[PDB]
Peer 1: 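This is the structure I want to talk about, given as structure tokens.
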Amino acid sequence: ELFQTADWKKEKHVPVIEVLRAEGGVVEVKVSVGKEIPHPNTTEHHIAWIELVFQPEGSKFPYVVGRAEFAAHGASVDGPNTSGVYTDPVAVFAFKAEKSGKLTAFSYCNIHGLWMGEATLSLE
Amino acid sequence: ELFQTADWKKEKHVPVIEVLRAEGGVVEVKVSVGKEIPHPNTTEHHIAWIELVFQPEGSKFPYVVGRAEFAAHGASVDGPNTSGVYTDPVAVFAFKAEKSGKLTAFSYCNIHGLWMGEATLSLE
Amino acid sequence: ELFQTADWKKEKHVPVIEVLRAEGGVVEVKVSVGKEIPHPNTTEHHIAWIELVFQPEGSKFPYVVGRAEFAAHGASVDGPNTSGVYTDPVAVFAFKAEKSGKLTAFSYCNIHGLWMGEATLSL
Amino acid sequence: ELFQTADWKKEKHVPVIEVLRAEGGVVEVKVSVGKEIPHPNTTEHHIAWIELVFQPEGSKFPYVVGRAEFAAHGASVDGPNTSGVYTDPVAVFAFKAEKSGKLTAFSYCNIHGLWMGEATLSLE
Ligand SMILES: [Fe+3]
Ligand SMILES: [Fe+3]
Ligand SMILES: [Fe+3]
Ligand SMILES: [Fe+3]
């Protein structure tokens, strides 16, 4: 596939999905790349975005929940890696849901292609 | 002007910026629309996105930090407002920042136009 | 498989890729959904975006070329399907390329899930 | 103000709006940065996106027509400016429009901040 699923040893790209809460009709999911072992974030090499998808049990189709773009990577008029602003690739999606189902996240590294992570959403 | 800046009495559109955390050279900034008086989120009327901008003091130009798209609004093959999935218009942007500066957020209601909120990041 | 690849009879979802120009590696690629048999575009049911990916031959990784979001679906303060403005799901991606390779397009319908189309770029 | 409107001399940033076609109730609008004098497109410096907004005359609010992201700027595992792939900052937006009205375009250079362009759609 275009969508890579297994991280290499020394650099992490697979978007990791953490269900922070799922009860009372409401869900909070954090998705990150390189949470424990940071991926580079330079003008030349960085994670550009994460998109989260959710398919409720019994829904014939999945739904895009949302997308987070990480847009600052240090560039400035003074050269690459000079602005002191770098957006970390971690996003929090809050959404209503009524059933459990499957979470899929996609992410993109500007030089290492496309990536997919997956997790079950158990709604209390 | 195109970017509206003062809420109306009954429905809330101005994006609200909150610094949640600033430690270790990383800032976490929450942006939300309607945290207190919730904006509608239906198939026909919803907040589509929030974009955050940061201009460090002394920087000649502002930088986009990132953009969050809130993509689920209830639509399904069964009709509007039936999928049970609605993305809340709240995002958290985690970024490296070296200096105090000005935070500006833009947001969009699909029927009520474009909006802007502003806040100050003070690092000392 | 989240990415559907085969259209239904009555409603068209697969992003169709047309290379308009590939000369001197100045490349224009049009991508559309429902070009000949239009997909609905209402407040309730529409194509929300198309994304184009290109992997040059010899490149170990693919690159996102760009993404086009189609944001207007007739919503207004007067009700659904009243603004008079609807964005058609067609985009043109202009880019430079040095080698031939593989194009992949992705698109999304707010109710019928995710879709993929593929084509070859021959410079 | 954040949205700059007047180009410098050496380098063009203002997005230029052109109505290419208007028939059958559908309008095609091209928006580009640097069509005469091209803006740089390097791993370090590039136009990242253009967004188009349309407000039909008599409509109390504007509508975002759509957004185009130009995501490739030469980065590869071989270093900056080595992939062979660069996305030109030109987009075409095709949309149904019933009425004349005002077109606004926004664009972003990753080191030179935010930009605005304006034009009139005349349908008679
Ligand atoms: Fe990487
Ligand atoms: Fe509203
Ligand atoms: Fe559909
Ligand atoms: Fe520039």
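In what follows, every chain begins at residue 1, and chains take the letters A, B, ... in the order their sequences are listed. For the numbers below, each heavy atom of this structure counts, side chains included, while hydrogens, waters and symmetry mates do not. Counting starts at 1 for both ligands and their atoms, following the listed order.
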Peer 1: Report the atom name of the nearest N/O/S atom of A:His39 relative to the Fe ion (ligand 1).
Peer 2: NE2
Peer 1: side-chain hydrogen bond (donor to acceptor under 3.5 Å, both in side chains), that's the test. Do B:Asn41 and B:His46 meet it? Break it down for me.
Peer 2: CA-CA 4 Å; B:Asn41 187 353; B:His46 49 258; 4.9 Å; no
Peer 1: Indicate the ring-plane relationship of D:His13 and D:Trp115, choosing parallel, tilted or perpendicular according to the 30° and 60° boundaries.
Peer 2: parallel
Peer 1: Are any of the side-chain nitrogens in B:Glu69 or C:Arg67 under 4.0 Å away from the carboxylate oxygens of its partner?
Peer 2: yes
Peer 1: Backbone or side chain, does A:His46 get an N/O/S atom under 2.8 Å to the Fe ion (ligand 1)?
Peer 2: no
Peer 1: Taking the six-membered ring of D:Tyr86, is the NZ or CZ of C:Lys96 close enough (under 6.0 Å from the centre) and on axis enough (within 45°)?
Peer 2: yes
Peer 1: Determine the interplanar angle of the D:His112 and D:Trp8 rings, folded into 0 to 90°, and report it as parallel if under 30°, tilted if 30 to 60°, perpendicular if over 60°.
Peer 2: perpendicular
Peer 1: Please name the atom of D:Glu11, limited to N, O or S, that comes nearest to the Fe ion (ligand 4).
Peer 2: OE2
Peer 1: Check D:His112 and report its N/O/S atom nearest to the Fe ion (ligand 4), by atom name.
Peer 2: ND1
Peer 1: What angle, in degrees and rounded to 10°, do you get at the Fe ion (ligand 3) when you join it to NE2 of C:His13 and to SG of C:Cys109?
Peer 2: 110°
